[PDB]
Amino acid sequence: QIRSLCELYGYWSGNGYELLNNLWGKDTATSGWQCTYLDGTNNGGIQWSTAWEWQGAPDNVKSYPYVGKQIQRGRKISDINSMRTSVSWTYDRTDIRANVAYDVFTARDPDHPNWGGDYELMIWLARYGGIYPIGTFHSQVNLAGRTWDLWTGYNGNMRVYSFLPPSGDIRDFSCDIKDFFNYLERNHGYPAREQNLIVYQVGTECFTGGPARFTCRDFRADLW
């Protein structure tokens with residue numbers, strides 16, 4: 001690894017991307033740790049991984065290490081034409097409580113801190129060990145060439161829209177996240193014209209299990 005980010009909130013940024021050993025929920029764990037590794041920044045993308053093991057509180061996320069696309073504040077979702085992204089990843093085992101997911105926050109306050117927003121849009125690419133997303137099942141939606149189970153709910157005052165694979169995982173994926181926002185704008189009244197993009201990330205929410213290792217073979221994210 002080019003960088004080993006094993007400290008709590010260990011951080012790297014470069015080439016318009018950032019990486020965080022985002023162990024935000026660790027104080028619910030009774031044992032374990034996790035490190036995030038920068039493996040490369042080849043071909044306009046990021047290659048990274050995270051190794052971990054956690055015990056305690058199986059319904060509590062301990063971490064969401066992520067790679068994020070750095071963005072300038074104040075971009076209204078309605079004025080973002082495209083958020084094309086691709087990811088290739090593996091997990092070394094699936095007998096864990098964890099997901100792989102894109103995470104996007106938006107807020108009417110363009111200066112909202114990066115830990116949340118008014119809305120959260122997740123696109124899950126894995127759902128291991130019996131975990132659930134926030135909220136309840138809403139409906140199925142056809143986007144990005146796939147069918148998704150959309151779940152909706154709230155985390156505090158933040159409305160959360162999570163698009164889940166009905167079955168299995170998606171280890172090689174590409175989409176335009178604007179398709180997901182557009183769907184929400186049309187059918188869910190998502191107020192894209194007044195929401196600003198806050199974060200644009202992919203990573204893995206880790207609940208319990210391990211030792212496990214998530215390998216992101218490649219990640220790329222653009223927006224226009």
# chains A, B, ... in the order shown; residues from 1 in each chain; ligands from 1
$ closest_atom_pairs --of "segment 15-134 of chain A" --to "segment 200-220 of chain A" --cutoff "8 Å" --atoms "only C-alpha atoms" --output "Markdown table"
| residue | atom | partner | partner_atom | distance |
| --- | --- | --- | --- | --- |
| A:44 | CA | A:220 | CA | 6.9 |
| A:45 | CA | A:220 | CA | 4.7 |
| A:46 | CA | A:219 | CA | 5.1 |
| A:47 | CA | A:218 | CA | 4.9 |
| A:48 | CA | A:216 | CA | 5.2 |
| A:49 | CA | A:215 | CA | 4.3 |
| A:50 | CA | A:214 | CA | 5.2 |
| A:51 | CA | A:213 | CA | 4.3 |
| A:52 | CA | A:212 | CA | 5.5 |
| A:53 | CA | A:210 | CA | 4.3 |
| A:54 | CA | A:208 | CA | 4.7 |
| A:55 | CA | A:208 | CA | 5.2 |
| A:56 | CA | A:208 | CA | 6.9 |
| A:57 | CA | A:208 | CA | 7.7 |
| A:58 | CA | A:208 | CA | 5.8 |
| A:59 | CA | A:207 | CA | 6.8 |
| A:60 | CA | A:207 | CA | 5.8 |
| A:61 | CA | A:207 | CA | 4.4 |
| A:62 | CA | A:207 | CA | 5.4 |
| A:63 | CA | A:206 | CA | 5.4 |
| A:64 | CA | A:205 | CA | 4.4 |
| A:65 | CA | A:203 | CA | 5.5 |
| A:66 | CA | A:203 | CA | 4.1 |
| A:67 | CA | A:201 | CA | 5.6 |
| A:68 | CA | A:201 | CA | 4.1 |
| A:69 | CA | A:200 | CA | 5.6 |
| A:70 | CA | A:200 | CA | 7.6 |
| A:85 | CA | A:220 | CA | 5.4 |
| A:86 | CA | A:220 | CA | 5.4 |
| A:87 | CA | A:219 | CA | 4.5 |
| A:88 | CA | A:218 | CA | 5.2 |
| A:89 | CA | A:216 | CA | 4.3 |
| A:90 | CA | A:215 | CA | 5.2 |
| A:91 | CA | A:214 | CA | 4.6 |
| A:92 | CA | A:213 | CA | 5.6 |
| A:93 | CA | A:212 | CA | 6.4 |
| A:95 | CA | A:209 | CA | 7.5 |
| A:96 | CA | A:209 | CA | 4.8 |
| A:97 | CA | A:208 | CA | 5.2 |
| A:98 | CA | A:206 | CA | 4.5 |
| A:99 | CA | A:205 | CA | 5.3 |
| A:100 | CA | A:204 | CA | 4.3 |
| A:101 | CA | A:202 | CA | 5.6 |
| A:102 | CA | A:202 | CA | 4.1 |
| A:103 | CA | A:201 | CA | 5.1 |
| A:104 | CA | A:200 | CA | 4.8 |
| A:105 | CA | A:200 | CA | 7.2 |
$ write_last_selection --atoms "N, CA and C atoms" --output "compact mmCIF listing (two decimals), in the first residue's frame"
# COMPACT_ATOMS: atom_id res chain seq x y z
N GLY A 44 -6.69 7.50 -13.62
CA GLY A 44 -7.76 8.41 -13.29
C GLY A 44 -8.71 7.91 -12.21
N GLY A 45 -8.34 6.80 -11.60
CA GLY A 45 -9.15 6.24 -10.54
C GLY A 45 -8.36 6.05 -9.27
N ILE A 46 -9.02 5.42 -8.31
CA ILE A 46 -8.46 5.10 -7.02
C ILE A 46 -8.61 3.64 -6.79
N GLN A 47 -7.54 3.03 -6.30
CA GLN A 47 -7.53 1.64 -5.89
C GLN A 47 -7.24 1.65 -4.40
N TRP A 48 -8.08 0.97 -3.61
CA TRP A 48 -7.95 1.06 -2.18
C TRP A 48 -8.57 -0.17 -1.57
N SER A 49 -8.34 -0.35 -0.28
CA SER A 49 -8.89 -1.50 0.42
C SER A 49 -9.10 -1.15 1.88
N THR A 50 -9.83 -2.02 2.55
CA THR A 50 -9.95 -1.90 3.99
C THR A 50 -10.10 -3.27 4.62
N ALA A 51 -9.33 -3.50 5.68
CA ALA A 51 -9.33 -4.74 6.45
C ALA A 51 -9.89 -4.41 7.81
N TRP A 52 -10.66 -5.34 8.36
CA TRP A 52 -11.32 -5.08 9.60
C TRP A 52 -11.82 -6.32 10.29
N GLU A 53 -12.07 -6.15 11.58
CA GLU A 53 -12.78 -7.13 12.36
C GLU A 53 -13.47 -6.35 13.47
N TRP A 54 -14.75 -6.61 13.67
CA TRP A 54 -15.51 -5.92 14.71
C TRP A 54 -16.44 -6.88 15.40
N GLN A 55 -16.57 -6.70 16.72
CA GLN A 55 -17.56 -7.42 17.50
C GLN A 55 -18.38 -6.45 18.33
N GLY A 56 -19.59 -6.89 18.63
CA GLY A 56 -20.52 -6.13 19.43
C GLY A 56 -21.52 -5.37 18.60
N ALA A 57 -22.74 -5.22 19.12
CA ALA A 57 -23.77 -4.38 18.55
C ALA A 57 -24.02 -4.67 17.07
N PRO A 58 -24.55 -5.85 16.77
CA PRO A 58 -24.69 -6.28 15.36
C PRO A 58 -25.60 -5.42 14.49
N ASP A 59 -26.43 -4.57 15.09
CA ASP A 59 -27.29 -3.69 14.34
C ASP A 59 -26.67 -2.31 14.16
N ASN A 60 -25.46 -2.12 14.71
CA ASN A 60 -24.78 -0.84 14.64
C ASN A 60 -23.62 -0.86 13.67
N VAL A 61 -23.62 0.08 12.76
CA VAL A 61 -22.50 0.27 11.86
C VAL A 61 -21.35 0.81 12.71
N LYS A 62 -20.18 0.19 12.55
CA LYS A 62 -18.97 0.66 13.20
C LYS A 62 -18.21 1.62 12.35
N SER A 63 -18.31 1.43 11.04
CA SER A 63 -17.52 2.22 10.14
C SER A 63 -18.11 2.27 8.75
N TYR A 64 -17.65 3.24 7.99
CA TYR A 64 -17.93 3.32 6.57
C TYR A 64 -16.69 3.93 5.95
N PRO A 65 -15.59 3.18 5.88
CA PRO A 65 -14.45 3.71 5.13
C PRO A 65 -14.89 3.95 3.72
N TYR A 66 -14.40 5.02 3.13
CA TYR A 66 -14.83 5.42 1.81
C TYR A 66 -13.76 6.12 1.04
N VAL A 67 -13.95 6.07 -0.26
CA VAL A 67 -13.32 6.99 -1.17
C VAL A 67 -14.39 7.99 -1.59
N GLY A 68 -14.02 9.25 -1.62
CA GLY A 68 -14.95 10.28 -2.01
C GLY A 68 -14.38 11.13 -3.12
N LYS A 69 -15.27 11.59 -3.98
CA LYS A 69 -14.90 12.56 -5.00
C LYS A 69 -14.99 13.93 -4.36
N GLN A 70 -13.90 14.70 -4.36
CA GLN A 70 -13.94 16.05 -3.80
C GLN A 70 -14.79 16.94 -4.67
N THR A 85 -20.10 7.11 -12.54
CA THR A 85 -19.15 6.49 -11.67
C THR A 85 -19.11 5.00 -11.95
N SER A 86 -17.98 4.41 -11.62
CA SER A 86 -17.82 2.98 -11.78
C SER A 86 -16.97 2.49 -10.63
N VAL A 87 -17.21 1.25 -10.25
CA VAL A 87 -16.46 0.61 -9.20
C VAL A 87 -16.36 -0.88 -9.47
N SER A 88 -15.20 -1.42 -9.13
CA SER A 88 -14.92 -2.83 -9.19
C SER A 88 -14.36 -3.20 -7.85
N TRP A 89 -14.96 -4.20 -7.22
CA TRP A 89 -14.52 -4.55 -5.88
C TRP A 89 -14.71 -6.02 -5.61
N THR A 90 -14.06 -6.48 -4.56
CA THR A 90 -14.29 -7.80 -4.01
C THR A 90 -14.27 -7.72 -2.50
N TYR A 91 -14.94 -8.68 -1.91
CA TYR A 91 -14.79 -8.98 -0.49
C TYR A 91 -14.19 -10.39 -0.42
N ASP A 92 -13.30 -10.61 0.53
CA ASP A 92 -12.69 -11.93 0.66
C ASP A 92 -13.60 -12.97 1.26
N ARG A 93 -14.68 -12.55 1.89
CA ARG A 93 -15.66 -13.43 2.49
C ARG A 93 -16.97 -12.67 2.58
N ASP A 95 -19.51 -13.98 4.85
CA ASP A 95 -20.11 -14.33 6.12
C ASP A 95 -19.77 -13.27 7.16
N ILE A 96 -20.25 -12.06 6.88
CA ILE A 96 -20.02 -10.87 7.68
C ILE A 96 -21.27 -10.03 7.62
N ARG A 97 -21.42 -9.10 8.55
CA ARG A 97 -22.50 -8.13 8.49
C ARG A 97 -21.89 -6.85 7.98
N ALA A 98 -22.17 -6.56 6.71
CA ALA A 98 -21.55 -5.46 6.01
C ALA A 98 -22.23 -5.27 4.69
N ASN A 99 -22.07 -4.08 4.13
CA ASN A 99 -22.50 -3.80 2.77
C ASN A 99 -21.35 -3.21 1.99
N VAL A 100 -21.61 -2.96 0.72
CA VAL A 100 -20.80 -2.10 -0.12
C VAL A 100 -21.81 -1.10 -0.63
N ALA A 101 -21.51 0.19 -0.61
CA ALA A 101 -22.52 1.15 -1.01
C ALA A 101 -21.93 2.47 -1.38
N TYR A 102 -22.56 3.08 -2.38
CA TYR A 102 -22.39 4.51 -2.61
C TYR A 102 -23.19 5.25 -1.55
N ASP A 103 -22.65 6.39 -1.14
CA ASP A 103 -23.31 7.27 -0.19
C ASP A 103 -23.21 8.67 -0.74
N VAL A 104 -24.35 9.36 -0.79
CA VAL A 104 -24.43 10.71 -1.27
C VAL A 104 -25.28 11.48 -0.29
N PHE A 105 -24.80 12.63 0.17
CA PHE A 105 -25.58 13.53 1.02
C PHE A 105 -25.87 14.77 0.21
$ residues_around --residues "segment 151-155 of chain A" --least-positions-apart "3" --cutoff "6 Å" --atoms "only C-alpha atoms" --output "short mmCIF file (atom, residue, chain, number, x, y, z; two decimals) with N, CA, C and O atoms, in the first residue's frame"
data_model
loop_
_atom_site.label_atom_id
_atom_site.label_comp_id
_atom_site.auth_asym_id
_atom_site.auth_seq_id
_atom_site.Cartn_x
_atom_site.Cartn_y
_atom_site.Cartn_z
N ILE A 134 -31.67 1.63 6.27
CA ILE A 134 -32.55 2.47 7.01
C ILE A 134 -33.97 2.43 6.43
O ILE A 134 -34.18 2.42 5.23
N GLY A 135 -34.95 2.34 7.32
CA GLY A 135 -36.32 2.41 6.91
C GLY A 135 -37.01 1.15 6.53
O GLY A 135 -36.80 0.09 7.13
N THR A 136 -37.87 1.27 5.54
CA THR A 136 -38.72 0.18 5.10
C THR A 136 -38.75 0.11 3.59
O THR A 136 -38.47 1.09 2.89
N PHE A 137 -39.08 -1.07 3.09
CA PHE A 137 -39.16 -1.28 1.67
C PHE A 137 -40.25 -0.43 1.08
O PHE A 137 -41.37 -0.36 1.61
N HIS A 138 -39.94 0.24 -0.02
CA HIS A 138 -40.89 1.12 -0.66
C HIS A 138 -41.47 0.56 -1.96
O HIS A 138 -42.69 0.49 -2.12
N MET A 158 -32.95 13.52 8.57
CA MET A 158 -32.46 13.27 7.23
C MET A 158 -33.25 12.12 6.60
O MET A 158 -33.35 11.04 7.17
N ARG A 159 -33.78 12.36 5.42
CA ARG A 159 -34.54 11.37 4.69
C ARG A 159 -33.52 10.53 3.91
O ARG A 159 -32.67 11.09 3.24
N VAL A 160 -33.63 9.22 4.01
CA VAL A 160 -32.68 8.30 3.42
C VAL A 160 -33.36 7.41 2.41
O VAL A 160 -34.32 6.71 2.72
N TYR A 161 -32.81 7.41 1.20
CA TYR A 161 -33.26 6.59 0.07
C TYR A 161 -32.15 5.62 -0.23
O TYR A 161 -31.06 6.04 -0.62
N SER A 162 -32.41 4.33 -0.03
CA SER A 162 -31.41 3.30 -0.28
C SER A 162 -31.89 2.35 -1.36
O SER A 162 -32.93 1.74 -1.24
#
$ select_by_dssp --residues "segment 25-207 of chain A" --states "alpha helix (DSSP H)" --output "list in words"
residues 177, 178, 179, 180, 181, 182, 183, 184, 185, 186, 187 and 188 of chain A
$ write_last_selection --atoms "N, CA and C atoms" --output "short mmCIF file (atom, residue, chain, number, x, y, z; two decimals), in the first residue's frame"
data_model
loop_
_atom_site.label_atom_id
_atom_site.label_comp_id
_atom_site.auth_asym_id
_atom_site.auth_seq_id
_atom_site.Cartn_x
_atom_site.Cartn_y
_atom_site.Cartn_z
N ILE A 177 -25.36 8.50 -11.19
CA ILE A 177 -26.17 8.75 -10.00
C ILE A 177 -27.27 9.76 -10.27
N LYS A 178 -27.11 10.62 -11.26
CA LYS A 178 -28.18 11.52 -11.58
C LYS A 178 -29.43 10.79 -12.01
N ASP A 179 -29.30 9.60 -12.56
CA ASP A 179 -30.51 8.85 -12.89
C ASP A 179 -31.32 8.54 -11.65
N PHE A 180 -30.62 8.26 -10.57
CA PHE A 180 -31.26 7.95 -9.28
C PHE A 180 -31.88 9.21 -8.69
N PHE A 181 -31.16 10.31 -8.70
CA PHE A 181 -31.74 11.56 -8.26
C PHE A 181 -32.94 11.95 -9.11
N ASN A 182 -32.84 11.80 -10.42
CA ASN A 182 -33.94 12.19 -11.28
C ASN A 182 -35.18 11.37 -10.98
N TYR A 183 -34.99 10.09 -10.72
CA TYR A 183 -36.07 9.23 -10.33
C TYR A 183 -36.74 9.74 -9.04
N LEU A 184 -35.91 10.12 -8.07
CA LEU A 184 -36.44 10.63 -6.83
C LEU A 184 -37.13 11.97 -7.02
N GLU A 185 -36.59 12.82 -7.89
CA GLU A 185 -37.20 14.11 -8.15
C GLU A 185 -38.58 13.94 -8.75
N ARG A 186 -38.70 13.04 -9.70
CA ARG A 186 -39.98 12.82 -10.36
C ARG A 186 -40.99 12.18 -9.43
N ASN A 187 -40.61 11.06 -8.82
CA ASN A 187 -41.61 10.21 -8.17
C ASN A 187 -41.67 10.34 -6.69
N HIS A 188 -40.71 11.03 -6.09
CA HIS A 188 -40.67 11.18 -4.65
C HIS A 188 -40.61 12.62 -4.22
#
$ select_by_dssp --residues "segment 133-171 of chain A" --states "strand (DSSP E)" --output "ChimeraX atom specification"
/A:136-143,146-155,158-164
$ atom_distance --atom1 "atom CA of residue 84 of chain A" --atom2 "atom CA of residue 222 of chain A"
5.3 Å
$ atom_distance --atom1 "atom CA of residue 109 of chain A" --atom2 "atom CA of residue 193 of chain A"
12.4 Å
$ residues_around --residues "residue 115 of chain A" --least-positions-apart "2" --cutoff "10 Å" --atoms "only C-alpha atoms" --output "VMD selection string"
chain A and resid 24 105 112 to 113 117 198 to 199
$ closest_residue --among "A:72, A:28, A:195, A:36" --to "residue 107 of chain A" --atoms "only C-alpha atoms"
A:195
$ residues_around --residues "residue 196 of chain A" --least-positions-apart "5" --cutoff "6 Å" --atoms "only C-alpha atoms" --output "list in words"
residues 74, 75, 76, 77, 106, 107, 108 and 110 of chain A
$ closest_atom_pairs --of "segment 31-79 of chain A" --to "segment 2-8 of chain A" --cutoff "6 Å" --atoms "only C-alpha atoms" --output "tab-separated table"
residue	atom	partner	partner_atom	distance
A:35	CA	A:6	CA	4.1
A:36	CA	A:5	CA	5.0
A:37	CA	A:4	CA	4.7
A:38	CA	A:3	CA	5.0
A:39	CA	A:2	CA	5.5
$ atom_distance --atom1 "atom CA of residue 19 of chain A" --atom2 "atom CA of residue 71 of chain A"
13.6 Å
$ decode --residues "segment 131-160 of chain A" --atoms "C-alpha atoms" --output "compact mmCIF listing (two decimals), in the first residue's frame"
# COMPACT_ATOMS: atom_id res chain seq x y z
CA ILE A 131 -28.30 -6.46 7.66
CA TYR A 132 -31.01 -3.96 6.85
CA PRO A 133 -30.86 -0.46 5.40
CA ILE A 134 -32.55 2.47 7.01
CA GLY A 135 -36.32 2.41 6.91
CA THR A 136 -38.72 0.18 5.10
CA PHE A 137 -39.16 -1.28 1.67
CA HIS A 138 -40.89 1.12 -0.66
CA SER A 139 -41.02 -0.23 -4.21
CA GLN A 140 -38.93 -1.61 -7.04
CA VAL A 141 -37.24 0.69 -9.49
CA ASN A 142 -35.50 0.07 -12.75
CA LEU A 143 -32.30 2.10 -13.10
CA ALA A 144 -28.78 1.56 -14.38
CA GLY A 145 -29.81 -1.60 -16.18
CA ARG A 146 -30.90 -3.27 -12.97
CA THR A 147 -33.89 -3.61 -10.74
CA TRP A 148 -33.53 -2.18 -7.25
CA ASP A 149 -35.45 -2.54 -4.07
CA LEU A 150 -35.87 1.01 -2.85
CA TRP A 151 -36.00 1.49 0.89
CA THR A 152 -36.84 4.79 2.51
CA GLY A 153 -36.77 6.15 6.01
CA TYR A 154 -35.20 8.70 8.26
CA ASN A 155 -32.00 9.05 10.22
CA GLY A 156 -32.84 11.90 12.54
CA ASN A 157 -34.29 14.57 10.30
CA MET A 158 -32.46 13.27 7.23
CA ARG A 159 -34.54 11.37 4.69
CA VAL A 160 -32.68 8.30 3.42
